[PDB]
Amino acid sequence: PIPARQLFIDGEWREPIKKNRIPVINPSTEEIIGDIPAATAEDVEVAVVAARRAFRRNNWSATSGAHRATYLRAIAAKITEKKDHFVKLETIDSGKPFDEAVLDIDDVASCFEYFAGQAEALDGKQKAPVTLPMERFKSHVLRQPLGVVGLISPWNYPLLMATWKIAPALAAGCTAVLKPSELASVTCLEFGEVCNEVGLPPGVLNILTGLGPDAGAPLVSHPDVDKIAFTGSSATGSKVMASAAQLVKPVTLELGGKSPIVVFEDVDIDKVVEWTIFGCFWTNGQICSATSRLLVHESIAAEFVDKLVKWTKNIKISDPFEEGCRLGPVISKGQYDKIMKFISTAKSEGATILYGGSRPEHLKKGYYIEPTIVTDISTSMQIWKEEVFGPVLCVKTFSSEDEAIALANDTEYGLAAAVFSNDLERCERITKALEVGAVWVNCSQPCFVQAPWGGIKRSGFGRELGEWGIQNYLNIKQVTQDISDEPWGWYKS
């Protein structure tokens, strides 16, 4: 029983103006389980217009952070109260294991709770004094919402990624149009009803589902959208920013990557191996910050890889709703094909499939893929360079720190990295040298809402979460006042 909704615009359920709709496919069974509306430019026009009027009213954007925080905590509470519903809907549609989805939904609650406090902190930052060296002038800073924002979220954490954008935008006092991925939109549409139950003012959040080209692209190009927040592939990020440039519209981008996990010899191998599979295979490999390039010190390489491979065999590939399930199907046929082609090309280029590379034997149907390990890698192969976004790991060995650092930085990406070593002095050295936005030490993949997140290089720019997240949605307004009533005395009179 998959919900059936319209678009969420101005607090109402509205059918797309041209009434089109697209299927919702369960990645486990490969067959349609329902539908979602497919918006077009006409609908964006309506949603943005609704966003702008909600911005202009006297019950949201000009109110205090403390006021909006009540709605943010209500949202978190309404999410928690309905966690069972959301977890299940996230588990079908997206395809990640049930145990992954429960942690997702718990995190969207924590995220709204965290940004509620941040909204509250915002008030305490209004009219912050700025010291001037002329007693004639006083100065302070106001922090006001930019206006109407376009939020474009990816399908690997459907509600949670949307939350990372929605929560700071609302905290800041902006109003928003959210466009989730057509691959996994059901929980995001459900969120629309959470907004009504908490009495979020009509138009403050608008949710348009649909194809990127049909719904997303006009959101980005709309002349009354003040800012875009995009999470996605680097390729699409170039397009979004190019589009935003024609109206010189600001943009924050987090664009995935090819992140390295560097493993030195002085490690407890069994623990590090468990992080290594968590860094590449969790979320079915579909992790923007996946540590897909394992760089392991030559001396423990043989032992590491062997411990690695049957840790990998003990991971249970099943239907998402099955107990103990630790790997679901990848999100779509399209993704399925691409990941299998990456595997095929890897071999054709002369790499070895040390393990996997095929559909699991005990799962005839569904876009399932065994956790794949690739060795015999030269840095020239496409599998070393390109983002696979599937449960495939690449292994290479290295001599020393210099080779490790060089190999780890040998990508045009720069999102994250993980370094593993009992020498903490060495851990600090590598962290400083890694050309990335986030470094895990003796772990891989924990993302707390408390701390700043974002990449550099082809992984994008801007920082979300932590005390940076709300700043992306703010107009920093300088206010400078002449308090002397003396003439300026520059001209003559």
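Residue indices: 1-based, along the sequence shown.
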Worksheet item: Between 18-26 and 473-481, which has the higher average C-alpha B-factor in the PDB entry?
Response: 18-26
Worksheet item: Do the CA atoms of 335-343 or those of 408-416 have the higher mean B-factor in the entry?
Response: 335-343
Worksheet item: Out of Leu159, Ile152, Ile317, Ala217, which residue has the highest Cα temperature factor in the PDB record?
Response: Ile317
Practice prompt. Quick one: which of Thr163, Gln382, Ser110, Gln246 shows the highest Cα temperature factor in the PDB entry?
Written response: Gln382
Worksheet item: Thinking about Cα B factors across the chain, which third does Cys443 belong to?
Response: middle
Worksheet item: Hey, what third does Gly117 fall into on Cα B-factor, ranked over its chain?
Response: lowest
Worksheet entry | B-factor third for the C-alpha atom of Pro260 within its chain | lowest
Worksheet item: C-alpha B factor of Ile287, ranked within the chain: lowest, middle or highest third?
Response: middle
Practice prompt. Taking the values exactly as deposited, rank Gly356 by C-alpha B-factor within its chain and report the matching third: lowest, middle or highest.
Written response: highest
